[PDB]
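Here the structure comes first, spelled out in structure tokens, and everything after it is commentary.
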Amino acid sequence: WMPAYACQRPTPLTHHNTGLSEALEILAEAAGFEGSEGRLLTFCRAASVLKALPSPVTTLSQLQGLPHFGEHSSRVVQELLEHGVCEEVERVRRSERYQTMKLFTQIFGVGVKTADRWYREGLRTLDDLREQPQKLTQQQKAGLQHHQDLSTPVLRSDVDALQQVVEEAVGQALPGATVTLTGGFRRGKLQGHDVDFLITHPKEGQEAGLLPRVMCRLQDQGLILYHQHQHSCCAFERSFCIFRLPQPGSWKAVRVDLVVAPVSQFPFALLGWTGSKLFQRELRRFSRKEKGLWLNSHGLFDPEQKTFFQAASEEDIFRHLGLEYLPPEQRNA
Ligand SMILES: Cc1cn([C@H]2C[C@H](O)[C@@H](COP(=O)(O)OP(=O)(O)OP(=O)(O)O)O2)c(=O)[nH]c1=O
Ligand SMILES: [Mn+2]
Ligand SMILES: [Mn+2]
């Protein structure tokens, strides 16, 4: 017996069912490309169940008694076990719609809605996009300019080098300010599509105006290819960057997300930003459905009492929701 919510079970970085989960996640992704959010969540949940299993699924009798394994997901696994291939998955992979949506959505600054609009307007290739620059935001233009580098997986060695330059810029700008690696790398992943950093200072308010000073310093060093600063609107101050990472004899563009949070909200921001996306979806669903509380990256709110939970750590937040603590490396749902 394995719990239904991904936030109630450990999901390690590496598991025994990568072929099966990858097939399900292709179907999940394709459903998201078509706007079928329910079907996406269904396939994603089924894939995450396989990730938590302690052993490989070699016979279909091993699916018996597992949550989130309805008919469609079971059939996928069945065809894979019996034939080594699932024809729906292979049709999806080869389809022009999926390949194009995948191409466009992996461009920096392009979501599903934009990608689908461009598809419907007869755009197919990266060159087609380049021929219509009036259709692109500045962020999207930067993404296209650097798309080869931005499609190259980011390595832990890249992350280490980047964290050093970000730490130096932060340390110079404001003594005492801290940089915390979040995102998939904090969950132990060995590769990723970007690097995520969360910046704070232990005195509430000392972080005001820090990010722009950090960016000035990084810019002066030649380390920034693209930078979009956004002030908090509703809602953290952040900078969407492409860094020019020096390498032995060349350089690579790398996506970096810098997020500033006031230290009061830091444990919520850390939790939210550490992911995985599905784990956080599941944790927020759990908080709302099971405990009546709204969790987001800024706080945990009781909307009946009209109160906010004070947390000093991620552990406090788990405790408050009635969940066993999961370290970041077990949140790979
Ligand atoms: C869009 C959004 C994401 N997040 C979270 C969810 C993600 O788990 C987390 C990091 O985003 P990413 O950098 O997209 O995801 P990742 O680091 O888990 O994986 P990858 O290797 O592909 O980079 O940010 C928020 O907290 N608030 C938001 O508004
Ligand atoms: Mn990331
Ligand atoms: Mn990111």
Side-chain angles (χ1 to χ4, degrees), residues 6-7 11-14 21-22 25 28-29 32 40-41 44 47-48 51 102 105-112 114 139 142-143 146 149-160 162-163 166 179-200 211 226-228 230-232 235-243 245 253-262 265-276 278-280 282-283 287 294-300 311 314 317 326-333:
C7 63
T11 314
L13 176 58
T14 75
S21 64
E22 281 164 14
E25 287 180 334
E29 179 173 38
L40 180 144
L41 298 178
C44 279
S48 64
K51 298 174 188 173
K102 189 134 182 88
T105 55
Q106 294 183 163
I107 298 163
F108 184 50
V110 180
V112 173
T114 295
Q139 183 186 13
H146 297 292
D149 284 346
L150 302 187
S151 324
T152 310
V154 176
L155 311 172
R156 181 63 196 223
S157 69
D158 306 332
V159 170
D160 292 342
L162 287 163
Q163 180 154 11
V166 174
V179 176
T180 303
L181 173 65
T182 58
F185 287 104
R186 178 165 182 250
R187 304 197 305 273
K189 297 181 85 191
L190 303 188
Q191 64 93 101
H193 93 301
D194 74 358
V195 193
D196 313 289
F197 292 112
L198 188 57
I199 297 168
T200 192
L211 187 50
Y226 172 88
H227 167 220
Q228 189 186 143
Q230 91 175 5
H231 283 107
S232 44
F236 284 123
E237 185 182 4
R238 70 188 284 202
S239 158
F240 300 97
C241 314
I242 303 171
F243 277 55
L245 177 61
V254 180
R255 279 167 58 156
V256 182
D257 289 318
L258 304 180
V259 182
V260 176
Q265 299 180 15
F266 177 85
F268 301 101
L270 184 59
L271 184 57
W273 276 84
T274 293
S276 66
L278 178 54
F279 185 96
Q280 289 304 318
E282 293 272 281
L283 183 61
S287 304
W294 303 347
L295 182 66
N296 67 17
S297 292
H298 306 277
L300 181 57
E314 291 184 316
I317 300 164
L326 291 169
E329 71 279 10
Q330 301 298 333
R331 299 177 207 167
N332 289 295

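Whatever order the structure lists them in is the order used to number ligands and atoms, beginning at 1. Position 1 is the first residue of the sequence; numbering continues from there.
Excluding water, every protein N/O/S atom under 2.8 Å from the Mn ion (ligand 3) is given here by residue and atom: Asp194 OD2, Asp196 OD1, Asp257 OD2.
The ligand atoms of ligand 1 that sit less than 4.0 angstrom from a heavy atom of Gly183 are 17 (O). With ligand atoms numbered from 1 in the order given, ligand 1 contributes 13 (O), 23 (O) to contacts under 4.0 Å with heavy atoms of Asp194. The distance from ligand 1 to the heavy atoms of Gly272 drops below 4.0 Å at these ligand atoms: 5 (C), 6 (C), 26 (O). Against a heavy-atom cut-off of under 4.0 Å, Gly275 is close to the following atoms of ligand 1: 8 (O). Atoms of ligand 1 found under 4.0 Å from any heavy atom of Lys189, numbered from 1 in the order shown, are 21 (O).
Judged by distance alone, the side chain of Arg238 and the main-chain N or O of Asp257 form no donor-acceptor pair under 3.5 Å. Remark: the backbone N or O of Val112 is not paired with any side-chain donor or acceptor of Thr105 at under 3.5 angstrom. Under a 3.5 Å cut-off, the side chain of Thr274 and the backbone N or O of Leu270 do form a donor-acceptor pair. Of the possible donor and acceptor atoms, one in the side chain of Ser276 sits under 3.5 Å from a partner among the backbone N and O of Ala333. Put simply, the side chain of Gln280 never gets that close to the backbone of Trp273: no donor and acceptor are under 3.5 Å apart.
The ring-ring contact (aromatic ring centres under 6.0 Å, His included) test with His298 is passed by exactly one of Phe266, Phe236, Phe268: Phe236.
The shortest N/O to N/O separation between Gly184 and ligand 1 falls below 3.5 Å. An N or O contact shorter than 3.5 Å is missing between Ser276 and ligand 1 by distance. Considering backbone and side-chain atoms alike, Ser297 places an N or O below 3.5 Å from some N or O of ligand 1.
Here the side chains of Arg255 and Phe108 are in contact, with some heavy-atom distance below 4.5 Å. A 4.5 Å side-chain heavy-atom check between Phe185 and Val154 finds at least one atom pair inside the cut-off.
Note that OG1 of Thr180 and CZ of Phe197 are 10.0 Å apart. Values are rounded to the nearest 0.5 Å.
When non-hydrogen atoms are compared, ligand 1 lies under 4.0 Å from neither the backbone nor the side chain of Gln280.
Heavy atoms of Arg187 approach ligand 1 to within less than 4.0 angstrom. For the pair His193 and ligand 1, a heavy-atom separation below 4.0 Å is found.
Pairs engaging residues 189-200 under the salt bridge (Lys or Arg N to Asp or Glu O under 4.0 Å) rule: none recorded [sequence neighbours left out].
For the side-chain hydrogen bond (donor to acceptor under 3.5 Å, both in side chains) test, no residue two or more places apart in sequence or in another chain qualifies with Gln191. For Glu314, the salt bridge (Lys or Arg N to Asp or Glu O under 4.0 Å) test picks out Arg186, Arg331, with sequence neighbours left out.
Among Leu190, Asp196, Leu198, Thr182, the residue whose heavy atom lies closest to atom 13 (O) of ligand 1 is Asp196.
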